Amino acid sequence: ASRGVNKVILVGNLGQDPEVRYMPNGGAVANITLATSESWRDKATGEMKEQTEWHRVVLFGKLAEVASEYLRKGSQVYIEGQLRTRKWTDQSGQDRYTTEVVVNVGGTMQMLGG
C-alpha cells in the first residue's frame, strides 16, 4: 500500500573468497561478489560471445559467519535479499553511490554445493 516489495533473487558463483569482518560494535558482516552470465553465439562474429554481471552482496550476523566458514571463490550460492543504494563522499569531495544486495532478517542464502 506504500511499503511495497523489494526483493532480489540471485544464483551465481563467487568471484573471490568472501571478505569477512567482525565487530563487537554489531557482529559479523561479509561482502561477497557474485557473477551471473549470459552466453551467445552471434552471426556477425562467427564465434561465442558472453556477458557477466557482478553483484555486490552484503551478509550480516549468522549468515556472514556461515559465509566466512563455508564459502570460497567459485562456490555456487542462492541469495534472497534487497536492493540498498548507499551514498558516500569519496576523498576528492565527490558524492558517490553504491547499490548493494543486502541480506537481512527474512532474506536467505544457501549453498548449492554439498
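In case it trips you up, residue 1 is the first one in the sequence shown, and so on.
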Determine, for stretches 65-73 and 82-90, which one has the higher mean CA B-factor as deposited. 65-73
On average, are the C-alpha B-factors higher in 39-47 or in 54-62? 39-47
Per the PDB entry, maximal CA B factor within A1, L112, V5, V8: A1
For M23, the third of its chain into which the C-alpha B factor falls: highest
